């Protein structure tokens, strides 16, 4: 039988499902370690690999991308779990190898592929502590092209530091930097913090799909980000004329305020309020 992970309800995606909106005809690129397209609870429409050593984007040796993809769009059926936008068109853009890491050059090619193929939403549950002009250039190009780009703020908050721990490309203003809360809306101890933080989404003990047709729970801002990417798909399936700037402003401005924005951004996303008309 099918379960609904708590994070799906926490952001109020079921309200849109009840309205008949599930992300249909919205193209979502999962820029990550591939997606196990053979998983019975996922429908991957297409993809591309830019990892020289692993040319098949539909095999996920890390499990990272598959877990991310399930939070976005695990199918509504008799098994497994349920994504935020279970009707979204999913695309596997492999830029990380089986270790869950990749080079900025592979990521850039993935982003360019997303632009060239008219993706509506980019999920980047990845990042690093060092910037790259080539990275910022391609990310901005994507956003100027109309793409909603959601990026994990990072998992470097656990040891209090002076200054921002928000990683790249979440640090860039053009991207939505997403931090992690638990089911009580408490910031996760590991969630990066900084002035570049935009919103929070569930990122603790997130049950989602894993390669081999199985399921499991992970922690990280990498798990919160697909909640926001999925929310963007729901919104766009209801408001297909909205710009990526409108979609972002709605997600941020209608978020549930949780306190100091340095740690919480605008707060927890509320896709019901974001998409209300």
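Residue numbers count along the first chain shown, from 1.
**Q** Take the C-alpha B-factors listed in the entry for 79 to 87 and for 101 to 109, compute each mean, and give the stretch with the larger one.
**A** Between 79 to 87 and 101 to 109, it is 101 to 109.
**Q** Looking at the entry, does 177 to 185 or 140 to 148 show the higher mean C-alpha B-factor?
**A** On average, C-alpha B-factors are higher across 140 to 148.
**Q** Which is it among 40, 34, 240, 211: the one with the largest CA B-factor in the entry?
**A** Answer, based on the entry's C-alpha B-factors: 240.
**Q** Return the residue from 201, 135, 153, 206 that has the highest Cα B-factor in the entry.
**A** Highest CA B-factor of the listed options: 135.
**Q** Would the CA B-factor of residue 249 place it in the lowest, middle or highest third of its chain?
**A** Lowest third.
**Q** Could you place residue 277 in the lowest, middle or highest third of its chain by Cα temperature factor, using the values in the record?
**A** It falls in the top third of the chain.
**Q** Report the third (lowest, middle or highest) to which the CA temperature factor of residue 167 belongs, ranking only the modelled residues of the same chain.
**A** It falls in the top third of the chain.
**Q** Considering only modelled residues of the same chain, in which third does the CA B-factor of residue 26 rank: lowest, middle or highest?
**A** For residue 26, the deposited C-alpha B-factor lands in the middle third.
**Q** In terms of the chain's CA B-factor thirds, is residue 130 lowest, middle or highest?
**A** For residue 130, whose C-alpha B-factor we compare with every modelled residue in the chain, the answer is the highest third.
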